[PDB]
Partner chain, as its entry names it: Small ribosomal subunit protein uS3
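Just one chain follows, in the form deposited without the partner chain, and it is written as structure tokens.
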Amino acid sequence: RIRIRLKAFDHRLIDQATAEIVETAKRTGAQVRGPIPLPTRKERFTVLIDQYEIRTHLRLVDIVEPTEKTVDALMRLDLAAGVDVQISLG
């Protein structure tokens, strides 16, 4: 089992990266659970001498039953530079 967590400031990039990972897993005959959207993270900087807000969007994808071809394909995936990805194996 390959669990994938994505984070980005831009939700447009995160949904595209997520769809791209899902598709890739499916094309190589794996099972996918998700995408699972998690609640957006909301941080704020108070400007002194007025708020600046940073939101971090979050998505999870579980790949179940990764094939030889699944991992190989994930390694070759060209993911947008603004999306951070974390992977843990089962």
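Positions refer to the first chain, counted from 1.
Per the record, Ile49 and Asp50 are separated by 4 to 9 deposited residues that have no coordinates. Stretches 15 to 23 and 74 to 82 differ in mean CA B factor, with 74 to 82 having the higher one. Look at the C-alpha B-factors of 54 to 62 and of 26 to 34. On average they run higher in 26 to 34.
Heads up, the form solved in complex with the partner chain isn't pictured, but that's what we're talking about next.
Residues of 1 to 36 placing a heavy atom within 4.5 Å of the partner chain in the bound PDB entry, in sequence order: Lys7, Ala8, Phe9.
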